[PDB]
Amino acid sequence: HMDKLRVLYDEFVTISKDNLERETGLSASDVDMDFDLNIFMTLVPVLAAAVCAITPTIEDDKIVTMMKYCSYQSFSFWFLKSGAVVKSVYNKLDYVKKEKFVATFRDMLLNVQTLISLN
């Protein structure tokens, strides 16, 4: 179950860890997708309210703004380690990887969002 989400999450984590460890010199903590799923479930409604609805056609610039508000300190693999946000990793990617990272992050949010449809 959640097989597509696993693929997206693993990519997000790999890219994030690689850049966070390189920039800070710190070592990532263990990955816990179960834990991080719950984090994303909380993030989705706040980001939708603070920025705009998360949809497959959301403007890329809006996703990048959402990245500014997502702190790695909240996730399993960087818990309370530093103040870095997802946009800080975006900023260090090359111009091609940047676009793919936007798609990966968006699609991760979209997938998590399908888990939390209203009654």
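Heads up: residue numbers just count along the shown sequence, starting at 1.
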Practice problem: Decide which of the stretches 75-83 and 47-55 has the higher mean C-alpha B-factor, going by the entry. | Solution: 75-83
Quiz item: Do the CA atoms of 14-22 or those of 100-108 have the higher mean B-factor in the entry?
Solution: 14-22
Exercise. Have a look at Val64, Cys70, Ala28, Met41 and flag the one whose Cα has the highest B-factor in the entry.
Key: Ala28
Exercise. Could you say whether, by C-alpha temperature factor, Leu5 belongs to the lowest, middle or highest third of its chain?
Key: middle
